[PDB]
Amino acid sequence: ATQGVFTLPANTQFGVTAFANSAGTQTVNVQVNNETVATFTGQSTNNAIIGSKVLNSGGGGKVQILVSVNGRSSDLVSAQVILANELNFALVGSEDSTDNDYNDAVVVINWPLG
């Protein structure tokens, strides 16, 4: 299945935060309605935050996360969870290698904000 693609409500502010846990430098691309609106880059084996931004979901509400290590696409896994019928998390794990820890870049999207 395609992973890392989420439909948010239109015109909604959301947070995106990425963490790194790999020898490789991670590149996290964030697309909103098919345009790149943020790129986070960094390297850590101890969960450093390599980027955190507030974005708007725009007209279509489509948010897509892509992860690469020097242009090689990582394998992704994702899901969305809703608490209290209101608080949303869109979650991505990624794997750059063969150990299948899926933490090499971890991306958390949250809404609503404010």
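Counting begins at 1, following the sequence as shown.
The PDB entry records a higher mean C-alpha B factor for 32 to 40 than for its counterpart among 32 to 40 and 74 to 82. Residue set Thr17, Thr98, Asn21, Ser94: peak C-alpha B-factor at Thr98 (per PDB entry).
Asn88 sits in the lowest third of its chain by CA B factor, as recorded in the PDB entry. Among the modelled residues of its chain, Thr2 has a C-alpha B-factor that falls in the highest third according to the deposited record.
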